[PDB]
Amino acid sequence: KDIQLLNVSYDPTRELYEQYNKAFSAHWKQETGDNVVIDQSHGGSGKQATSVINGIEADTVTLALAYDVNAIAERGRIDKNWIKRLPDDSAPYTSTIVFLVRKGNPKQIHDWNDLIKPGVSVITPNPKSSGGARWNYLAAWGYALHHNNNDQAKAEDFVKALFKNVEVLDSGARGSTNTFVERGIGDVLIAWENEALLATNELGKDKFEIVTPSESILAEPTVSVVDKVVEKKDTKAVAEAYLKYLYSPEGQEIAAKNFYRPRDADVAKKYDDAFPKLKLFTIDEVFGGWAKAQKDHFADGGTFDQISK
């Protein structure tokens, strides 16, 4: 049979899925004789979730954080208990947040505190549409808390000061990366680690340098089958198989090659030297999980709205 799947994903996974889709299709045909074609859609995680809620017939969603999937489940398109369906809370790989600066680090950026200095132009996406934007915001807030004796007012002041320095707020993380690298705007990009490594290895070798902060957040992008769509399109078996294969040694290696941190020990050892080492905190330990964080910081009249005013 000929099967057509649609994967609605976050912004920077464009390269990953171009490569992964060809490997999964070859694998599925080998095992079943069927021909599967996967179409891709990319954009800020928030915006993408909304589009699915409003009619995009995605078989699978591969978003930047668990909240965005939950938002679709809350609207009834996905089973409420979707996170337990795949291992590691449906997160086949992890990432983190680092800084990308221009060659020679002319503004002498060393840690989070340097981003609030006068005259520094910061590039970070919009928390209202981007998943990476929200990870970035939590990383900076977590740092502030940890450097201010857990004083939330001081952390809010810190983040206010960081946002005052933001020159362009793109809607998706790949837009942020293009603004910095391609358009040459900004002194520092608060980037997904995969974007920083892609920029220094491909999008512009010898023009950029990564700065690893003292601590950052552990980012866990999450995947899910869209129950209501697969039940209509008769694609549950292949959609489920597509997400499970991300955990295969082949899927993990494709992730690693594209600068995402793999879970598979065999793959991590093989691509070890690529990932900076740094202290990571999680969303559960510092913010009480996604439900609480989203509420507190990104819902209407949250912390973000507050510091923007």
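From 1 onward, residues are counted along the sequence shown.
Mean C-alpha B-factor is higher over 68 to 76 than over the other stretch, the pair under comparison being 68 to 76 and 132 to 140. Mean C-alpha B-factor is higher over 22 to 30 than over the other stretch, the pair under comparison being 37 to 45 and 22 to 30. If you compare the C-alpha temperature factors of 268, 241, 274, 56 in the entry, 274 comes out highest. Residues shown: 236, 183, 147, 102. Highest C-alpha temperature factor in the entry: 147.
Sort the modelled residues of the chain by CA B factor and residue 165 lands in the middle third. Placement of the Cα temperature factor of residue 108 within the chain: highest third of the modelled residues, per the deposited record. Ranked against the other modelled residues of its chain, the C-alpha B-factor of residue 93 as given in the entry falls in the lowest third. Compared with the other modelled residues of the chain, the Cα B-factor recorded for residue 250 ranks in the middle third. For residue 278, the recorded CA B-factor ranks within the highest third of the chain. Only modelled residues enter the ranking.
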